[PDB]
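Just one chain is shown here, as structure tokens, and it is the form deposited in one PDB entry.
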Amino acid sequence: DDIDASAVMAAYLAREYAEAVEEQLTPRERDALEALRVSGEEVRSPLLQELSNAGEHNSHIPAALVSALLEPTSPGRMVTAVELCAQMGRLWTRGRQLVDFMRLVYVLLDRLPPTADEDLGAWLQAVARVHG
């Protein structure tokens, strides 16, 4: 009947931005992205389980859980926090929920430790060797 022009523009911009950052990744950065995709799916299973048991309504709770996982942190914690934002995004499809998704992402990327680049480099190369 009538389309949500905002959602359509969102879908388009999201994809175009993804393909842009992916085309400008380094060879091993691309190997890391695939590594993060597998590990993220490995934890997405029980991560989904905990949130289903919440049975809850706002972006306040998600923001705290992410920063909680990043307070001495580890690659596993950083991955779980990453996959959490992705799941909030899968819930926040339309309207002002999109702006909510961006702020949660901002929180994630803002509170990453300074050694994350080499912590995830080594850890995500270990994931890739075991998965091809």
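Start at 1 with the first residue shown and count on from there. In this text, the rigid core denotes the largest set of C-alpha atoms whose superposition between the two forms falls within 1.5 Å.
- The deposited sequence places 1 to 3 unmodelled residues between residue 71 and residue 72.
- Stretches compared: 87-95, 48-56. Higher mean C-alpha B-factor in the entry: 48-56.
- The question of which stretch, 23-31 or 73-81, has the higher mean Cα B factor is settled in favour of 23-31.
- Highest C-alpha temperature factor among 108, 122, 18, 9, as the PDB entry reports it: 122.
Keep in mind the form deposited in another entry is missing from the figure; the text below concerns it.
- In a rigid-core overlay of the protein, residue 110 has its C-alpha displaced by under 2 Å between this form and the one not shown.
- Comparing the forms between this form and the one not shown, the C-alpha position of residue 29 differs by less than 2 angstroms, with the core used for superposition.
- Relative to the superposed rigid core, the position of the CA of residue 44 differs between this form and the one not shown by 2 Å or more.
- Compared with the form shown, the residue 110-residue 45 C-alpha separation decreases in the other entry, the change being 3 Å or greater.
- Shown here is a form in which the CA atoms of residue 44 and residue 65 lie at least 3 Å farther apart than they do in the other entry.
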